[PDB]
Amino acid sequence: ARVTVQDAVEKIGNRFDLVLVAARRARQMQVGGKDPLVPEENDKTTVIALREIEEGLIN
Amino acid sequence: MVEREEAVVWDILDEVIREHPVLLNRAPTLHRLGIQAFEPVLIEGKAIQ
Amino acid sequence: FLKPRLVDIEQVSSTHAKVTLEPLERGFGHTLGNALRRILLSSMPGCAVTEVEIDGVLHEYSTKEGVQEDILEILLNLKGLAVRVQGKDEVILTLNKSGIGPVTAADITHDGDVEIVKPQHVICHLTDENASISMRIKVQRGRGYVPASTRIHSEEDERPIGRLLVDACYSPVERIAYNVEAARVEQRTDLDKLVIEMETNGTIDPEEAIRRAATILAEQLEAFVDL
Amino acid sequence: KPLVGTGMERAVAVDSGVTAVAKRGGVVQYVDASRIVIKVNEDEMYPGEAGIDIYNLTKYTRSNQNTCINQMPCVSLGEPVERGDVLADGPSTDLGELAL
Amino acid sequence: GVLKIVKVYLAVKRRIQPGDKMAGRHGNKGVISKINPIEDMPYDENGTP
């Protein structure tokens, strides 16, 4: 589980458009799109997107 | 499924609550920082620890 | 190291006793003290009223001509029956009583497996001359605290609508507290002793009590050993 | 019962109507969980209508806040009563004392 | 109009649960909290915890 996502806040400073990014991304992981690369572990796709921001691979 | 307390939904329950950024909001707040967020956990009780 | 062991169990009564442990080493008076205390305080095999069918019952909240309280309060008394079984999973105790007098725990159909420890335990009264009561107290054995409320959602398909579901309080114990003091053996520098003052209404023998508890700890440690 | 009070404790329990009191004391006779019948003694009896005082009990019924008024019998069968004696006190009362 | 009517009562045994308001005749209020064990409470010369 995550205790501090301040890292995500720094990779993408918008903190708003950031939500629109993961917005369309959650859409891909649901309605066709593409499969979630990082093998998920209980964490819904919303949190999975959170993790992808911290790594900064998909923005 | 929820109607039968299926052991199935119990595991699934774990998956959707153990990591849910929720808004603990108190309606009568006369201040911005009175509305904050936490992370719910499967707790055996009758109140919000 | 001298193996942990209990000396002669200080027996003052059949219902309540206090185990005494002499060969206790540094900290075991407290180790086993609480490691047994908690289990002894909750999970223990007891016998409690599950379902009862009384005859003069339109509803459990009725005033049967001849009894001081509710029909359900007759069941309230039945909730803490001091019955002791020998092997049955469940057993039916018939209670028939007609005549001027307090319906004690002696007028019940005394079955061989049903061993009440306190015969004079008055449930309810039957004071009217030409009145009568007749019921069947279906008591079973379990452990812990299990209520018919958490069991009421099913109805269990009841044709004989006299089968009222009541609270199964399976706790023979009531008073478990441990004390400590200087124990002296012949070969050792310092040993601790343990005196667990346990109280049982009269369903499980004091030794069988500490027996079951210790055994359950053994099984709850089964899986705990594998890394 | 409350270990402390003021002296108005019996003024509540005994005189609140919560208990089937008696206006004319007498030997309790036909006491049931529904109604209590009292055979009146003549030193406290009015020669009218022989001598059978009828009383009704509040033995578990309904109440406003979804409540259920509860009466607790305090007197055992076989004993004369007095003008102002109780038979079965109401809720949170024992033999005539208010234990809210 | 009121000619084929029904009157039915339902009663429930209710015991105190965590969150009930207990207090005193003096002025101090209070609410029952987390259910606690029996003798984990300090006892005395009488024996009752």
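For reference, chains read A, B, C, D and E in written order, and residue numbers begin at 1 within each chain.
We adopt the following convention: a residue touches a chain if its C-beta (ideal position, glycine included) is under 8 Å from a C-beta of that chain, and two chains touch if they have at least 3 such contacts.
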Query - Contacts common to chain B and chain D (chain labels) - result: E
Report summary line: Per contact tally, chains sharing the most pairs are C-D
**Report entry** Centre-most chain [mean C-alpha coordinates]
**Finding:** E
Report summary line: Greatest Cα-centre separation from chain E belongs to chain A
**Report entry** Mean-CA-position distance for chain D and chain A (Å)
**Finding:** 74
Report summary line: CA centroids of chain C and chain D: separation to the nearest Å works out as 36
Requested in this report: Let me have the rounded angstrom distance from the C-alpha centre of chain B over to the C-alpha centre of chain E, please.
Outcome: 27
Query raised in the report: So how far apart, in whole Å, are chain A and chain B when each is placed at the average of its C-alpha atoms?
Result: 21
Report task. Could you list which residues of chain E touch at least two other chains? Result -> 11
Requested in this report: Would you mind listing the residues of chain A that make contact with two or more other chains?
Outcome: none
Report task. Let me know each pair of chains that touch one another. Result -> A-B, B-E, C-D, C-E, D-E
Query - Touching residues (chain side chain B, partner chain E) in the complex - result: 45-47
Requested in this report: Could you pull out which chain A residues touch chain B in their complex?
Outcome: 1-2, 42-44, 47
Report summary line: Per the touch rule above, chain C residues touching chain E in the complex are 38, 41, 59, 61, 72, 174-177
**Report entry** chain D to chain C touching residues, read off their complex
**Finding:** 31-34, 59-60, 73, 77
Requested in this report: Enumerate the contact residues on chain B facing chain A in the complex.
Outcome: 14-16, 18-20, 39
